[PDB]
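**Student:** Attaching a single structure in structure tokens format; questions to follow.
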Amino acid sequence: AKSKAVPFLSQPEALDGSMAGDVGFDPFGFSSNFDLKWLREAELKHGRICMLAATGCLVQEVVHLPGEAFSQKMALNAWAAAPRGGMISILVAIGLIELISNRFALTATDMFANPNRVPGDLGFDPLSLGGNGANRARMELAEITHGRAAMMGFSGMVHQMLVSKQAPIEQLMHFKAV
Amino acid sequence: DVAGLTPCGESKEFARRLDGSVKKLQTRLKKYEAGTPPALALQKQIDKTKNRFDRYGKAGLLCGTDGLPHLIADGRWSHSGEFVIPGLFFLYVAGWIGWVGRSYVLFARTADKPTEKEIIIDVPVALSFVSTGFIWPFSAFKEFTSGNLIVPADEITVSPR
Amino acid sequence: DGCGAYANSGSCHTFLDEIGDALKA
Amino acid sequence: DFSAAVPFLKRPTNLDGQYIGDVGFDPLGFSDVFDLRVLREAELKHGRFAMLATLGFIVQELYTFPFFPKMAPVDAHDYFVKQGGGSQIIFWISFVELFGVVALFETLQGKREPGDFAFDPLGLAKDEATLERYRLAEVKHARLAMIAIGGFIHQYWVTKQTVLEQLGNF
Amino acid sequence: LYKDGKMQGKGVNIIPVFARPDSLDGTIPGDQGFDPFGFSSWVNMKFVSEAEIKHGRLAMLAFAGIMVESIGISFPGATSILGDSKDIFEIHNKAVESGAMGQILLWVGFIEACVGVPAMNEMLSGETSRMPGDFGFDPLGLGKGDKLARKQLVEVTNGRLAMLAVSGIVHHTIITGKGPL
Amino acid sequence: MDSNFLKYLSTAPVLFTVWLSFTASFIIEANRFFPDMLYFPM
Ligand code: CLA
Ligand code: CLA
Ligand code: CLA
Ligand SMILES: CC1=C(C#C\C(C)=C/C=C/C(C)=C/C=C/C=C(C)/C=C/C=C(\C)C#CC2=C(C)C[C@@H](O)CC2(C)C)C(C)(C)C[C@H](O)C1
Ligand SMILES: CC1=C(C#C/C(C)=C/C=C/C(C)=C/C=C/C=C(C)/C=C/C=C(C)/C=C/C2=C(C)CCCC2(C)C)C(C)(C)C[C@H](O)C1
Ligand SMILES: CC1=C(C#C/C(C)=C/C=C/C(C)=C/C=C/C=C(C)/C=C/C=C(C)/C=C/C2=C(C)CCCC2(C)C)C(C)(C)C[C@H](O)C1
């Protein structure tokens with residue numbers, strides 16, 4: 001009857017170990033006030049964006065496109081130095097991807113209107129790597145763990161870049177205490 | 001330039017306004033010792049005044065003979081950021097507010113006691129609604145074209161003519 | 001930058017070197 | 001009938017001995033108006049802070065980390081206000097205290113004991129009787145350290161000497 | 001031998017000031033009734049058993065390497081690049097700068113990622129019934145029927161003794177400035 | 001948290017005051033960090 005992650009708190013209702021990464025961790029009662037499907041879809045989206053974002057924050061320092069506008073090792077400098085029409089194109093393309101991938105059901109009243117729509121299941125499997133039944137739960141656990149780790153890592157990387165004015169790897173190689 | 005106005009970065013009366021404001025703050029600065037918190041506050045005000053006048057002078061704003069920026073709102077694209085783009089920002093936010101309020105009213109009509117929903121807000125449902133408002137023009141237009149926004153005239157109460 | 005993880009003498013002061021110098025003071 | 005500790009005072013009616021360390025001591029009648037679960041949670045939190053504080057005065061003046069300058073702990077509060085470590089400690093205590101708010105709400109619903117944070121990673125209380133005995137020991141040390149930390153801080157304020165040097169002379 | 005009730009199993013406690021917990025099953029080799037902090041009640045026993053075995057075998061190889069490198073025995077040509085001294089810490093840093101320990105790290109990490117992670121995962125998930133520390137490695141053929149113990153028990157005891165020995169030797173080298181022997 | 005206290009917190013005057021203070025704090029902090037925005041910069 002007690003939460004496994006937080007043993008001095010009672011087990012949150014609507015958390016019953018069914019979803020991947022469920023360790024009964026909801027001390028603030030978000031799942032008692034909001035639906036778990038929207039929360040899982042949001043968690044997967046924040047985590048996937050942070051997976052791409054942490055991988056970018058490490059890789060863009062080491063590898064660049066040719067040109068002066070793509071030569072910033074620090075990612076917050078690359079936000080400003082990159083061509084503006086390209087980044088606006090990125091914004092518009094992300095908007096179109098969000099529009100079509102959710103099949104015109106984008107909001108808190110119409111996404112999951114179809115009963116077949118599963119949280120975080122946009123239908124995305126380009127190489128069909130999910131063709132294995134007993135692999136599925138371990139795959140979803142690995143995806144959500146990578147997403148949570150990526151959220152914490154990218155949050156830290158951005159704010160440490162703000163503190164140090166250094167790209168992450170070269171901050172680790174040229175470290176200066178505050 | 002437009003309507004006989006001159007750009008603010010070359011208007012001498014804009015410079016006179018800036019000089020008068022800086023002098024008015026500096027004569028207050030003269031009565032305080034350097035390093036005192038009133039002196040630092042007054043110098044920060046001087047810096048903010050200088051930065052504001054510089055930014056207004058480098059923005060393509062037009063100044064009249066009074067020496068103050070004059071906005072152009074006839075639709076020309078060289079001054080679209082003075083009324084048209086703030087107008088689009090307002091219209092987006094206002095349509096958001098109207099759409100989410102209408103959605104909450106229509107939800108509250110379905111409740112057991114609608115008036116209790118009006119005075120005691122269902123906060124999770126209201127937060128869901130205020131999340132829905134980012135796509136309000138397309139949602140409102142689809143609501144309109146499906147016959148779900150406008151109600152016919154024979155279903156609205158009217159007074160005797 | 002052509003230096004190592006730890007025990008660098010020059011223009012390369014890593015996080016491990018910062019930990020070590022913090023411990024040895 | 002009467003209090004076990006103070007024989008000429010009547011036993012407070014809400015002090016029936018359900019909480020370990022009860023000797024019927026409440027002459028001001030705080031338990032007659034206020035919830036005893038909240039009071040016991042406050043007692044244990046204040047006491048655990050004071051126990052850590054007294055141990056910190058002993059060790060933190062016996063030893064000091066090499067990456068920090070040496071100073072007295074009372075002056076260390078004022079130094080770490082400006083250095084930024086005190087902001088970090090306040091932030092992390094506040095972060096844990098949010099889940100402390102949740103734990104207090106669980107206590108008020110009767111689903112949690114007023115001091116139980118389920119924190120026993122070394123398994124030191126095996127059976128029940130050990131847990132009551134360690135509860136009495138914890139409550140007594142909490143009250144004792146609550147007195148002792150105020151002793152440490154006020155005596156440093158008057159003598160400008162730490163505890164261990166004050167022991168050596170006068 | 002396996003000596004259940006004398007050297008291992010239920011009822012054996014080498015340090016009787018801490019009573020043997022009820023959580024210990026006695027099946028695991030090296031079970032001599034020492035868990036004062038009660039970790040066996042909540043940890044996964046296969047994982048911590050394999051971790052004890054890996055720490056022990058690493059410490060055995062570490063003790064043998066530390067002693068053979070601190071006495072002075074070296075491979076041919078190995079003194080030149082790695083320094084003609086006997087200090088293990090400077091030997092680590094010299095072999096790092098040479099690249100020798102980078103190669104050791106690469107190959108040990110390749111082995112650990114390629115078969116060590118799948119062995120641990122399949123042992124824990126319950127897909128092979130593989131025992132902790134069992135990597136099926138007996139080229140010379142020394143345990144077939146004596147495998148129950150007098151091979152397992154001596155392995156874990158020597159592992160633990162090597163762990164303590166390497167820890168002691170390292171910190172003694174730090175405080176004294178001179179390698180062992 | 002008590003459901004009756006949450007229901008009181010969900011009343012129209014409390015939520016009105018909190019939402020308008022939250023909006024005012026957005027306008028105040030935006031004008032603190034980006035002051036004197038007479039125009040949209042283009
Ligand atoms: C959160 C994701 C994210 C964001 C916002 C950025 C942003 C930026 N990157 Mg970057 N990048 C990322 C991830 C990201 N990166 C990752 C994961 C890699 C490794 C492959 C790179 C590798 C990279 C290089 C090599 C360079 C940049 C550069 C840049 C800057 C210019 C844009 C450009 O040329 O992109 C280039 C983008 C790529 C080469 C790969 C982007 C692929 C992303 C992750 C999209 C894939 C998912 C997509 C949405 C499909 C999913 C749809 C489905 C969910 C329905 C800009 C600041 C340039 C720069 O300024 O240098 C510092 C540059 O030279 N990026
Ligand atoms: C759900 C919100 C809502 C919506 C969509 C409308 C829609 C409309 N109103 Mg109305 N109105 C509302 C609330 C609303 N009203 C309230 C609360 C009042 C009392 C102050 C009025 C008083 C009012 C008058 C006096 C007039 C209108 C008029 C109009 C029409 C033109 C738009 C306008 O003038 O807006 C302007 C609206 C206002 C100045 C008042 C709005 C007050 C707040 C900002 C809106 C309420 C937000 C609400 C708290 C959201 C909660 C949702 C949340 C729980 C999820 C249009 C039919 C006009 C009309 O007839 O035009 C044809 C008109 O003359 N309204
Ligand atoms: C005290 C030493 C010792 C003992 C008794 C065992 C015992 C065992 N190991 Mg094991 N192991 C050890 C050390 C030891 N191990 C170390 C250090 C490693 C890391 C390389 C391994 C890696 C390992 C694997 C990967 C596997 C085993 C397996 C086994 C089991 C069957 C094989 C067998 O009987 O080998 C025992 C036979 C010997 C130890 C032969 C004696 C050779 C001597 C000791 C060489 C000494 C060299 C040198 C003189 C050292 C001193 C130098 C120094 C003074 C400077 C058995 C339980 C297998 C198993 O089924 O696990 C349960 C298996 O898969 N072991
Ligand atoms: C779905 C699948 C698709 C796939 C796909 C995609 C491309 C898969 C890629 C997933 C990738 C992007 C995983 C990214 C992980 C990054 C996370 C774990 C970590 C950050 C590390 C943290 C801890 C940190 C940091 C730290 C910070 C804080 C402080 C610093 O001082 C130090 C440090 C830097 C260490 C494909 C296209 C193949 C098709 C297929 O049919 C279906
Ligand atoms: C839970 C969980 C997981 C996990 C996890 C993880 C990794 C969780 C969290 C990890 C960490 C490291 C959290 C906190 C990081 C640091 C902070 C907030 C520092 C702030 C510092 C500041 C503001 C400093 C300010 C400053 C100060 C004071 C003074 C100087 C100036 C300045 C520097 C600006 C997984 C992934 C394993 C999965 C599992 O299934 C579930
Ligand atoms: C402001 C400031 C700070 C500070 C500070 C602090 C923390 C100051 C002081 C704190 C406290 C807690 C003071 C009092 C402690 C305990 C007392 C008086 C107990 C008396 C017990 C008695 C009489 C028992 C009597 C009894 C007996 C004998 C037995 C029977 C029962 C009873 C009758 C009850 C810093 C340094 C932290 C920060 C900053 O830089 C400046």
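Following the order of the structure tokens, first chain is A, next is B, and so on, with residues numbered from 1 inside each chain and ligands from 1 in the order they appear.
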When the cut-off is 6 Å and we count only C-alpha atoms, which residues of chain F are near chain B, given as a VMD selection string?

**Tutor:** chain F and resid 10 to 12 39 to 40

**Student:** Taking C-alpha atoms for each residue, export the selection above as a short mmCIF file (atom, residue, chain, number, x, y, z; two decimals), in the first residue's frame.

**Tutor:**
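Final output, saved to part.cif:
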data_model
loop_
_atom_site.label_atom_id
_atom_site.label_comp_id
_atom_site.auth_asym_id
_atom_site.auth_seq_id
_atom_site.Cartn_x
_atom_site.Cartn_y
_atom_site.Cartn_z
CA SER F 10 -10.93 26.44 -6.57
CA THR F 11 -13.51 29.15 -5.84
CA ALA F 12 -13.89 32.05 -8.26
CA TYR F 39 7.18 48.38 -30.74
CA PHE F 40 7.81 44.92 -32.07
#

**Student:** Chain D residues within 12 Å of chain F, counting only C-alpha atoms: which ones, as a ChimeraX atom specification?

**Tutor:** /D:101-109

**Student:** Only N, CA and C atoms, please: the residues just picked out, written as a tab-separated table (two decimals), in the first residue's frame.

**Tutor:**
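What follows is the written file selection25.tsv:
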chain	number	residue	atom	x	y	z
D	101	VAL	N	6.22	17.93	3.34
D	101	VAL	CA	4.84	18.43	3.32
D	101	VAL	C	3.89	17.31	2.94
D	102	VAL	N	4.26	16.54	1.91
D	102	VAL	CA	3.43	15.40	1.50
D	102	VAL	C	3.35	14.35	2.62
D	103	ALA	N	4.47	14.10	3.30
D	103	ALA	CA	4.49	13.15	4.42
D	103	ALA	C	3.64	13.64	5.59
D	104	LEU	N	3.64	14.94	5.85
D	104	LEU	CA	2.79	15.49	6.91
D	104	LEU	C	1.32	15.37	6.56
D	105	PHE	N	0.97	15.58	5.29
D	105	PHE	CA	-0.40	15.35	4.84
D	105	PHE	C	-0.79	13.88	4.97
D	106	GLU	N	0.16	12.97	4.75
D	106	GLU	CA	-0.11	11.55	4.96
D	106	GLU	C	-0.28	11.23	6.44
D	107	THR	N	0.47	11.92	7.31
D	107	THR	CA	0.31	11.75	8.75
D	107	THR	C	-1.06	12.22	9.22
D	108	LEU	N	-1.51	13.38	8.72
D	108	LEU	CA	-2.82	13.91	9.09
D	108	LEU	C	-3.97	13.03	8.61
D	109	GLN	N	-3.76	12.22	7.58
D	109	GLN	CA	-4.75	11.24	7.14
D	109	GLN	C	-4.67	9.94	7.92

**Student:** Could you list, as a PyMOL selection string, all the residues within 10 Å of ligand 5, counting only C-alpha atoms and all ligand atoms?

**Tutor:** (chain A and resi 5+20-23+25+141-142+144-153+155-156+159-160+162-164+177-178) or (chain D and resi 80-92+95)

**Student:** Please check the contacts: residues of chain D at most 7 Å away from chain E, using only C-alpha atoms, listed as a PyMOL selection string.

**Tutor:** chain D and resi 122-124

**Student:** For the selection you just gave me, I'd like the residues written to a file as a PDB file, in the first residue's frame, keeping N, CA and C atoms.

**Tutor:**
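The resulting file, selection_16.pdb, is shown below:
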ATOM      1  N   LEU D 122      20.413   0.573   6.937  1.00  0.00           N
ATOM      2  CA  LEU D 122      21.326  -0.362   7.577  1.00  0.00           C
ATOM      3  C   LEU D 122      20.606  -1.409   8.414  1.00  0.00           C
ATOM      4  N   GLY D 123      19.275  -1.401   8.426  1.00  0.00           N
ATOM      5  CA  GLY D 123      18.484  -2.435   9.087  1.00  0.00           C
ATOM      6  C   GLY D 123      18.717  -2.551  10.577  1.00  0.00           C
ATOM      7  N   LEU D 124      18.884  -1.420  11.259  1.00  0.00           N
ATOM      8  CA  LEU D 124      19.337  -1.439  12.644  1.00  0.00           C
ATOM      9  C   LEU D 124      18.247  -1.871  13.615  1.00  0.00           C
TER      10      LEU D 124
END

**Student:** Select, as a PyMOL selection string, those residues of chain A with any atom no more than 10 Å from chain D (distances computed using only C-alpha atoms).

**Tutor:** chain A and resi 1-2+6-10+27-29+178

**Student:** How about saving the chosen residues, N, CA, C and O atoms kept, as a PDB file, in the first residue's frame?

**Tutor:**
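Below you can see again34.pdb, which holds the result:
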ATOM      1  N   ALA A   1       0.827  -1.199   0.000  1.00  0.00           N
ATOM      2  CA  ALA A   1       0.000   0.000   0.000  1.00  0.00           C
ATOM      3  C   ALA A   1       0.865   1.254   0.000  1.00  0.00           C
ATOM      4  O   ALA A   1       0.359   2.367  -0.133  1.00  0.00           O
ATOM      5  N   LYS A   2       2.171   1.068   0.150  1.00  0.00           N
ATOM      6  CA  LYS A   2       3.121   2.167   0.143  1.00  0.00           C
ATOM      7  C   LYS A   2       3.878   2.196  -1.176  1.00  0.00           C
ATOM      8  O   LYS A   2       4.086   1.163  -1.817  1.00  0.00           O
ATOM      9  N   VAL A   6       9.171   5.862  -2.935  1.00  0.00           N
ATOM     10  CA  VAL A   6       9.112   6.691  -1.735  1.00  0.00           C
ATOM     11  C   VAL A   6       8.385   5.899  -0.655  1.00  0.00           C
ATOM     12  O   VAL A   6       7.148   5.940  -0.591  1.00  0.00           O
ATOM     13  N   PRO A   7       9.099   5.163   0.202  1.00  0.00           N
ATOM     14  CA  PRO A   7       8.430   4.203   1.096  1.00  0.00           C
ATOM     15  C   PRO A   7       7.615   4.822   2.223  1.00  0.00           C
ATOM     16  O   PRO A   7       6.806   4.103   2.823  1.00  0.00           O
ATOM     17  N   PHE A   8       7.779   6.103   2.538  1.00  0.00           N
ATOM     18  CA  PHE A   8       6.964   6.699   3.589  1.00  0.00           C
ATOM     19  C   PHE A   8       5.658   7.284   3.075  1.00  0.00           C
ATOM     20  O   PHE A   8       4.868   7.794   3.875  1.00  0.00           O
ATOM     21  N   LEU A   9       5.406   7.218   1.774  1.00  0.00           N
ATOM     22  CA  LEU A   9       4.166   7.700   1.192  1.00  0.00           C
ATOM     23  C   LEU A   9       3.345   6.525   0.687  1.00  0.00           C
ATOM     24  O   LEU A   9       3.889   5.491   0.291  1.00  0.00           O
ATOM     25  N   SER A  10       2.027   6.690   0.730  1.00  0.00           N
ATOM     26  CA  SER A  10       1.125   5.673   0.218  1.00  0.00           C
ATOM     27  C   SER A  10       1.265   5.550  -1.295  1.00  0.00           C
ATOM     28  O   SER A  10       1.700   6.482  -1.976  1.00  0.00           O
ATOM     29  N   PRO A  27       4.705  11.625  -5.821  1.00  0.00           N
ATOM     30  CA  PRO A  27       4.385  12.197  -4.504  1.00  0.00           C
ATOM     31  C   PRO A  27       3.436  13.381  -4.557  1.00  0.00           C
ATOM     32  O   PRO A  27       2.677  13.589  -3.604  1.00  0.00           O
ATOM     33  N   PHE A  28       3.437  14.152  -5.638  1.00  0.00           N
ATOM     34  CA  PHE A  28       2.619  15.355  -5.697  1.00  0.00           C
ATOM     35  C   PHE A  28       1.206  15.077  -6.189  1.00  0.00           C
ATOM     36  O   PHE A  28       0.397  16.007  -6.256  1.00  0.00           O
ATOM     37  N   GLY A  29       0.891  13.830  -6.520  1.00  0.00           N
ATOM     38  CA  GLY A  29      -0.442  13.465  -6.965  1.00  0.00           C
ATOM     39  C   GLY A  29      -0.856  14.042  -8.300  1.00  0.00           C
ATOM     40  O   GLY A  29      -2.003  14.482  -8.447  1.00  0.00           O
ATOM     41  N   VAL A 178      33.667  27.766  -9.648  1.00  0.00           N
ATOM     42  CA  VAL A 178      32.984  29.043  -9.474  1.00  0.00           C
ATOM     43  C   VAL A 178      33.666  29.876  -8.393  1.00  0.00           C
ATOM     44  O   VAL A 178      34.426  29.353  -7.577  1.00  0.00           O
TER      45      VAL A 178
END

**Student:** What are the DSSP helix (DSSP H, G or I) residues of chain B, as a ChimeraX atom specification?

**Tutor:** /B:2-4,12-29,37-57,77-79,84-108,114-119,123-145,153-155

**Student:** Which chains and residue numbers are within 9 Å of ligand 4, counting only C-alpha atoms and all ligand atoms, if I want them as a count of residues only?

**Tutor:** 40

**Student:** Name all residues at most 12 Å from residue 148 of chain B (count only C-alpha atoms; drop same-chain ones fewer than 5 positions away) and give them as a ChimeraX atom specification.

**Tutor:** /B:102-103,106,139-143

**Student:** Please give me, as an NGL selection string, the residues lying within 6 Å of ligand 3 when counting only C-alpha atoms and all ligand atoms.

**Tutor:** :E and (57 or 60-61 or 64 or 67-68 or 133-138 or 142-143 or 151-152 or 154-155 or 158)

**Student:** Output N, CA and C atoms for every residue in the selection just made, as an mmCIF file, in the first residue's frame.

**Tutor:**
data_model
loop_
_atom_site.group_PDB
_atom_site.id
_atom_site.type_symbol
_atom_site.label_atom_id
_atom_site.label_comp_id
_atom_site.auth_asym_id
_atom_site.auth_seq_id
_atom_site.Cartn_x
_atom_site.Cartn_y
_atom_site.Cartn_z
ATOM 1 N N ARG E 57 38.036 -11.621 -7.945
ATOM 2 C CA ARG E 57 38.960 -12.057 -8.992
ATOM 3 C C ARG E 57 39.813 -10.900 -9.498
ATOM 4 N N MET E 60 42.442 -10.422 -6.881
ATOM 5 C CA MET E 60 43.473 -11.457 -6.945
ATOM 6 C C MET E 60 44.487 -11.149 -8.039
ATOM 7 N N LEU E 61 43.993 -10.830 -9.243
ATOM 8 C CA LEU E 61 44.884 -10.405 -10.320
ATOM 9 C C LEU E 61 45.637 -9.133 -9.949
ATOM 10 N N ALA E 64 48.508 -10.082 -7.490
ATOM 11 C CA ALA E 64 49.598 -10.735 -8.209
ATOM 12 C C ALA E 64 50.376 -9.739 -9.060
ATOM 13 N N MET E 67 52.391 -7.208 -6.712
ATOM 14 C CA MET E 67 53.587 -7.804 -6.126
ATOM 15 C C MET E 67 54.662 -8.088 -7.173
ATOM 16 N N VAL E 68 54.277 -8.596 -8.353
ATOM 17 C CA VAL E 68 55.288 -8.913 -9.359
ATOM 18 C C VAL E 68 55.882 -7.638 -9.957
ATOM 19 N N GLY E 133 29.150 -15.625 -11.165
ATOM 20 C CA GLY E 133 30.547 -15.879 -11.449
ATOM 21 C C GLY E 133 30.820 -17.020 -12.403
ATOM 22 N N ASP E 134 29.787 -17.681 -12.918
ATOM 23 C CA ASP E 134 29.947 -18.834 -13.802
ATOM 24 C C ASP E 134 30.078 -18.326 -15.231
ATOM 25 N N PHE E 135 31.312 -18.239 -15.722
ATOM 26 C CA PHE E 135 31.554 -17.920 -17.121
ATOM 27 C C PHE E 135 32.026 -19.135 -17.905
ATOM 28 N N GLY E 136 31.838 -20.336 -17.359
ATOM 29 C CA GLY E 136 32.140 -21.574 -18.062
ATOM 30 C C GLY E 136 33.586 -21.735 -18.469
ATOM 31 N N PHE E 137 34.518 -21.245 -17.661
ATOM 32 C CA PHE E 137 35.923 -21.163 -18.047
ATOM 33 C C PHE E 137 36.692 -22.199 -17.238
ATOM 34 N N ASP E 138 36.947 -23.351 -17.854
ATOM 35 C CA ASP E 138 37.816 -24.382 -17.284
ATOM 36 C C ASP E 138 38.645 -25.012 -18.397
ATOM 37 N N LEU E 142 40.084 -28.418 -13.794
ATOM 38 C CA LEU E 142 40.402 -28.675 -12.396
ATOM 39 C C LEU E 142 39.183 -28.847 -11.503
ATOM 40 N N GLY E 143 38.017 -28.332 -11.885
ATOM 41 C CA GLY E 143 36.839 -28.722 -11.136
ATOM 42 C C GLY E 143 35.766 -29.400 -11.963
ATOM 43 N N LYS E 151 36.630 -25.646 -4.394
ATOM 44 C CA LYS E 151 36.986 -24.730 -5.468
ATOM 45 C C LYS E 151 36.256 -23.401 -5.352
ATOM 46 N N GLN E 152 34.938 -23.427 -5.132
ATOM 47 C CA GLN E 152 34.158 -22.196 -5.005
ATOM 48 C C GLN E 152 34.484 -21.448 -3.717
ATOM 49 N N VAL E 154 37.086 -21.716 -1.664
ATOM 50 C CA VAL E 154 38.448 -21.198 -1.638
ATOM 51 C C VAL E 154 38.589 -20.003 -2.585
ATOM 52 N N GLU E 155 37.828 -19.979 -3.690
ATOM 53 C CA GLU E 155 37.852 -18.831 -4.596
ATOM 54 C C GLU E 155 37.299 -17.575 -3.933
ATOM 55 N N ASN E 158 39.726 -16.464 -0.969
ATOM 56 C CA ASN E 158 40.915 -15.818 -1.516
ATOM 57 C C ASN E 158 40.591 -14.492 -2.188
#

**Student:** Show me which bits of chain C are within 8 Å of chain D, counting only C-alpha atoms, as number ranges by chain.

**Tutor:** C: 22-25

**Student:** Quick one: contact table of chain A to chain B, 8 Å max, nearest atom pair and distance in Å to one decimal per residue, counting only C-alpha atoms, chain and number order, as JSON lines?

**Tutor:**
{"residue": "A:33", "atom": "CA", "partner": "B:124", "partner_atom": "CA", "distance": 6.3}
{"residue": "A:34", "atom": "CA", "partner": "B:124", "partner_atom": "CA", "distance": 6.5}
{"residue": "A:107", "atom": "CA", "partner": "B:132", "partner_atom": "CA", "distance": 5.1}
{"residue": "A:108", "atom": "CA", "partner": "B:128", "partner_atom": "CA", "distance": 5.4}
{"residue": "A:109", "atom": "CA", "partner": "B:128", "partner_atom": "CA", "distance": 7.2}

**Student:** Would you output that residue set with C-alpha atoms, as a PDB file, in the first residue's frame?

**Tutor:**
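Ended up saving to result.pdb:
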ATOM      1  CA  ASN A  33      -5.680  15.005 -10.873  1.00  0.00           C
ATOM      2  CA  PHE A  34      -4.653  14.489 -14.505  1.00  0.00           C
ATOM      3  CA  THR A 107      -5.137  18.812 -27.544  1.00  0.00           C
ATOM      4  CA  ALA A 108      -6.182  17.691 -24.073  1.00  0.00           C
ATOM      5  CA  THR A 109      -9.752  17.058 -25.266  1.00  0.00           C
TER       6      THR A 109
END

**Student:** Let me have all residues with an atom within 7 Å of ligand 6, counting only C-alpha atoms and all ligand atoms, laid out as an MDAnalysis selection string.

**Tutor:** chainID D and resid 74:75 77:78 146:151 153:154

**Student:** For N, CA, C and O atoms, I'd like the residues from the last selection saved as a tab-separated table (two decimals), in the first residue's frame.

**Tutor:**
chain	number	residue	atom	x	y	z
D	74	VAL	N	29.67	29.61	13.60
D	74	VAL	CA	28.74	30.73	13.62
D	74	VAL	C	29.15	31.75	12.56
D	74	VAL	O	28.31	32.26	11.81
D	75	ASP	N	30.45	32.02	12.45
D	75	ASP	CA	30.95	32.80	11.33
D	75	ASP	C	30.86	32.05	10.01
D	75	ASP	O	30.83	32.69	8.95
D	77	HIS	N	28.21	30.37	9.04
D	77	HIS	CA	26.89	30.73	8.50
D	77	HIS	C	26.98	32.01	7.68
D	77	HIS	O	26.55	32.05	6.52
D	78	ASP	N	27.58	33.06	8.25
D	78	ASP	CA	27.70	34.34	7.57
D	78	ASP	C	28.61	34.26	6.35
D	78	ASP	O	28.39	34.99	5.37
D	146	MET	N	18.44	19.40	21.41
D	146	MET	CA	17.76	20.68	21.27
D	146	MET	C	18.21	21.66	22.35
D	146	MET	O	18.42	22.84	22.08
D	147	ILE	N	18.40	21.16	23.57
D	147	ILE	CA	18.96	22.02	24.61
D	147	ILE	C	20.44	22.31	24.34
D	147	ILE	O	20.91	23.46	24.49
D	148	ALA	N	21.19	21.29	23.90
D	148	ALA	CA	22.64	21.41	23.79
D	148	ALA	C	23.07	22.33	22.65
D	148	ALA	O	24.11	23.00	22.77
D	149	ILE	N	22.33	22.38	21.55
D	149	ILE	CA	22.71	23.25	20.44
D	149	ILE	C	22.55	24.72	20.83
D	149	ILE	O	23.39	25.56	20.48
D	150	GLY	N	21.48	25.04	21.57
D	150	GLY	CA	21.31	26.39	22.06
D	150	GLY	C	22.37	26.75	23.06
D	150	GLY	O	22.87	27.88	23.08
D	151	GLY	N	22.76	25.77	23.89
D	151	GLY	CA	23.90	25.97	24.76
D	151	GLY	C	25.17	26.29	23.99
D	151	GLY	O	25.84	27.27	24.29
D	153	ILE	N	25.59	27.51	20.91
D	153	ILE	CA	25.57	28.76	20.15
D	153	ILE	C	25.60	29.98	21.07
D	153	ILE	O	26.36	30.92	20.84
D	154	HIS	N	24.81	29.95	22.16
D	154	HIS	CA	24.80	31.09	23.08
D	154	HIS	C	26.12	31.21	23.85
D	154	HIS	O	26.62	32.33	24.07

**Student:** Can you check which residues of chain E have any atom within 12 Å of chain C? Use only C-alpha atoms and format it as a compact mmCIF listing (two decimals) with N, CA, C and O atoms, in the first residue's frame.

**Tutor:**
# COMPACT_ATOMS: atom_id res chain seq x y z
N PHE E 89 51.96 3.43 -8.52
CA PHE E 89 51.17 4.58 -8.96
C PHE E 89 51.80 5.22 -10.19
O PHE E 89 51.11 5.53 -11.17
N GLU E 90 53.11 5.44 -10.14
CA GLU E 90 53.83 5.96 -11.29
C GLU E 90 53.83 4.96 -12.44
O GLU E 90 53.82 5.36 -13.60
N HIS E 92 51.21 3.03 -13.08
CA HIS E 92 49.88 3.27 -13.67
C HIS E 92 49.90 4.49 -14.58
O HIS E 92 49.43 4.42 -15.72
N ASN E 93 50.44 5.61 -14.09
CA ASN E 93 50.44 6.83 -14.90
C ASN E 93 51.34 6.71 -16.13
O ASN E 93 50.98 7.19 -17.21
N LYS E 94 52.51 6.07 -15.99
CA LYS E 94 53.40 5.84 -17.12
C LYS E 94 52.77 4.94 -18.17
O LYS E 94 52.92 5.18 -19.37
N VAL E 96 49.57 4.54 -18.61
CA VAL E 96 48.49 5.32 -19.20
C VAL E 96 49.03 6.21 -20.31
O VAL E 96 48.49 6.25 -21.42
N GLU E 97 50.12 6.93 -20.02
CA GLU E 97 50.69 7.84 -21.01
C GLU E 97 51.31 7.09 -22.18
O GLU E 97 51.29 7.58 -23.32
N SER E 98 51.84 5.89 -21.94
CA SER E 98 52.29 5.03 -23.03
C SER E 98 51.13 4.53 -23.88
O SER E 98 51.29 4.35 -25.09
N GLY E 99 49.97 4.31 -23.28
CA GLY E 99 48.84 3.72 -23.96
C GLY E 99 48.56 2.27 -23.61
O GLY E 99 47.59 1.71 -24.13
N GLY E 102 45.33 1.99 -21.65
CA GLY E 102 44.22 2.23 -22.56
C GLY E 102 43.83 0.99 -23.34
O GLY E 102 42.64 0.71 -23.52
